[PDB]
Participant: 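Below is the structure I would like to discuss, written out as structure tokens.
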Amino acid sequence: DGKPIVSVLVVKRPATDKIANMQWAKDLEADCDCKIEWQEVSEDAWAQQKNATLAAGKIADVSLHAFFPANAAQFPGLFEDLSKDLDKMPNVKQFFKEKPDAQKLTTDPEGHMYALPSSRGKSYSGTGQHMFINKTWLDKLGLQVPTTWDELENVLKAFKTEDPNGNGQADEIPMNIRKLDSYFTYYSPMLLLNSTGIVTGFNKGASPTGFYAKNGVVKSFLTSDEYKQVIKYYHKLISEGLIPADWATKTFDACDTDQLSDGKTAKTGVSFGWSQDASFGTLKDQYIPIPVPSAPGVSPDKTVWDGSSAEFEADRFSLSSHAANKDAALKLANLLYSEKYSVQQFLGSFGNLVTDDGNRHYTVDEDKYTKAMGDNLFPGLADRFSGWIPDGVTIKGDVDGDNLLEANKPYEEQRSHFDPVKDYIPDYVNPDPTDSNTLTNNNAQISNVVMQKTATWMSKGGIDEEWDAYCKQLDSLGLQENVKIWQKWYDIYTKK
């Protein structure tokens, strides 16, 4: 009937229904006055297909949750520069007016923008990283929350030997940490770098690859005395039986299973995670988030916490430079970023899980939402969505957001001890394609050494006599080139 056709690739979150089954998606298509040809792929499948898809240039007119700015920069002629199209996307302009750092996240210093970001809203503006302790155990044993590494060690020894869970067995895991990966992961044991006065940023960006900033100067922590001290502290704890001896080989899932236990008997004293509910389930009311204990020599005021933000994602809309109907595709973007469709993508269709109460207020049926997730039939895109939640919108019943907001309250003090520009490499610092390839190539070799030596030194000792050779080895693999590259782009993005 003459309507423009727009092909839309959507990389899907797990546990979601098919998009064609979602009422809001049918509404969106009607409101666009176009025909949408949806193509859905899992995240695991997309990870394996993305490079071949780019190399072949076989891209859909619109792709959601598919391409990051770094990907478009490596294949620039493939994608429309959306910075030139903002007048056809007034709802995106409003997003960028209210949240200017979201625009920076996908815009290069030359001003091109090949991807739109998303925002899941102000409940997610804090970090995803937290340190939890079993407060019920502290209370039963007559211990205060620890505020130094020495006090933490003392608490963990008490957890180990004093049977705080009351079952008579020495089953308590005083502190549980995740194994290492080729980058510093969510909930990394290296969150203890914050104890030393180095701000981590482990949600995303340069920090997972070993970089930080202080006073406007970029450095690598991989060769810092601070990193050495964290490793030595962990080795002390491990050697004392306060962390599982096989921590380095346990799967992330197995580590999570330790903390969840059977839902009735708590097993773990201290762990890193997202929220008490996600980490501990029905055991959550025993656990609180605590400020990180200070390392020796570091005052409370100089002790920091991870500076990340869980709010924005950078890969949420890209338009093929050869799409036939770009006006229809830009209208689709504009509608995705309207309140009507941003809320329905994030929480599902109105009248299914979420009620539009008027006055920019929405209410989620919490039990129905969890059941939809459990059934693998979530009627939206959830946190993988392509849209934005404005600060003027209030949502009642986004339990994950409420949980994260609460988990972040204890970290406002420590996060206030650093400058978010001068003491943190901002999430929007995007090296160009040539420098990105240098970084990634060097990081591939650096990471093998770091991961092997770090795990060995934590488990078995040896750091003091091997440290100098390790530092020289990382330099031979280009670490100092990488530091200088990050300093350059940090300066371009943050300094006049």
Side-chain angles (χ1 to χ4, degrees), residues 3-43 60-66 89-92 94-95 116-121 123-124 313 315-317 319 328-390 392-401:
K3 288 197 180 198
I5 300 173
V6 179
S7 52
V8 184
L9 169 68
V10 187
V11 182
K12 295 290 295 308
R13 188 192 185 277
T16 53
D17 203 348
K18 204 293 196 200
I19 297 179
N21 288 341
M22 299 172 190
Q23 181 66 54
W24 66 260
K26 287 199 176 314
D27 293 352
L28 175 64
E29 184 171 18
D31 285 1
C32 218
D33 207 14
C34 72
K35 174 65 192 333
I36 298 173
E37 297 193 343
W38 299 105
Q39 181 187 346
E40 297 172 281
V41 303
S42 70
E43 287 174 338
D61 297 337
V62 171
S63 309
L64 308 185
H65 183 30
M89 298 182 292
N91 295 325
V92 177
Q94 187 71 26
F95 177 19
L116 303 183
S118 57
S119 160
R120 51 172 165 185
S123 285
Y124 301 92
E313 297 290 335
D315 68 326
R316 300 292 167 94
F317 186 102
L319 177 57
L330 293 168
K331 171 152 64 160
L332 175 64
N334 189 52
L335 293 174
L336 285 166
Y337 284 75
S338 73
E339 183 177 324
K340 179 182 294 185
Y341 292 107
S342 288
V343 172
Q344 290 187 97
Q345 291 175 73
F346 184 59
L347 302 175
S349 303
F350 292 138
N352 184 336
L353 306 183
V354 59
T355 294
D356 180 355
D357 303 311
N359 284 14
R360 313 190 79 191
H361 189 282
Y362 300 89
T363 301
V364 178
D365 185 329
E366 295 169 29
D367 291 342
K368 193 171 175 186
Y369 180 114
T370 57
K371 182 170 189 297
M373 285 293 192
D375 292 344
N376 292 312
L377 293 168
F378 192 73
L381 306 182
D383 61 297
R384 269 61 158 188
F385 80 141
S386 302
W388 71 297
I389 307 300
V393 165
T394 294
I395 300 169
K396 173 180 172 183
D398 172 8
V399 170
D400 193 41

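Only heavy atoms go into these numbers, but all of them, side chains included; no hydrogens, no water, no symmetry mates. Quick note: residue numbers are just sequence positions, from 1.
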Participant: First locate atom CZ of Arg384, then atom CD of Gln345, and finally report the distance between them rounded to the nearest 0.5 Å.
Facilitator: 14.0 Å
Participant: Rounded to the nearest 0.5 Å, how far apart are CE of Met373 and CG of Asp400?
Facilitator: 8.5 Å
Participant: Would you compute the distance between atom CE of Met22 and atom CH2 of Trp38 and round it to the nearest 0.5 angstrom?
Facilitator: 9.0 Å
Participant: I'd like to know if the side chain of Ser42 reaches the main chain of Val11, judged simply by a donor and an acceptor atom lying under 3.5 Å from each other, with no hydrogens or angles considered.
Facilitator: no
Participant: Any donor and acceptor pair, going by atom type alone, linking the side chain of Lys368 with main-chain N or O of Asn352 inside 3.5 Å?
Facilitator: yes
Participant: Nearest 0.5 Å please: distance from the CZ atom of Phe385 over to the CZ atom of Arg13.
Facilitator: 12.5 Å
Participant: Go through the steps to decide whether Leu381 and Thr16 satisfy the test side chain to side chain contact (heavy atoms under 4.5 Å, CB included), and finish with yes or no.
Facilitator: CA-CA 7 Å; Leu381 306 182; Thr16 53; 5.6 Å; no
Participant: May I ask you to test the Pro90-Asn334 pair for a side-chain heavy-atom distance under 4.5 Å?
Facilitator: yes
Participant: Can you tell me how the ring of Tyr369 sits relative to the ring of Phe378, calling it parallel under 30°, perpendicular over 60° and tilted otherwise?
Facilitator: perpendicular
Participant: Given 3.5 Å as the limit, does a donor-acceptor pair link the side chain of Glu40 with the main chain of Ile19, or not?
Facilitator: yes
Participant: Should the heavy atoms of other residues, nucleotides or ligands under 6.0 Å from CG of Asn359 be counted, would the total exceed 12?
Facilitator: no
Participant: Are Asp31 and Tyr341 close enough that a side-chain donor and a side-chain acceptor fall under 3.5 Å?
Facilitator: yes
Participant: Will you find, in the side chains of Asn91 and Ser338, an N or O donor that is under 3.5 Å from an N or O acceptor?
Facilitator: no
Participant: Treating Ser119 as the side-chain partner and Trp388 as the backbone partner, does any N or O pair qualify as donor plus acceptor under 3.5 Å?
Facilitator: no
Participant: Should the ring pair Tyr337 and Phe95 be called parallel, tilted or perpendicular, given that the plane angle runs from 0 to 90° and is split at 30 and 60?
Facilitator: parallel
Participant: In terms of side-chain heavy atoms, does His65 have a donor or acceptor partner in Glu43 at a distance below 3.5 Å?
Facilitator: yes
Participant: Once rounded to the nearest 0.5 Å, what's the spacing between atom NZ of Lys18 and atom NZ of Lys12?
Facilitator: 7.0 Å
Participant: At what distance, to the nearest 0.5 angstrom, does NZ of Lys340 lie from CG of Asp27?
Facilitator: 8.0 Å
Participant: Take atom NZ of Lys3 as the centre, draw a 6.0 Å sphere, and report whether it contains more than 12 heavy atoms from other residues, nucleotides or ligands.
Facilitator: yes
Participant: Side chain to side chain contact (heavy atoms under 4.5 Å, CB included) for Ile389 and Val343? Distances and angles first, verdict last.
Facilitator: CA-CA 7 Å; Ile389 307 300; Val343 172; 4.2 Å; yes
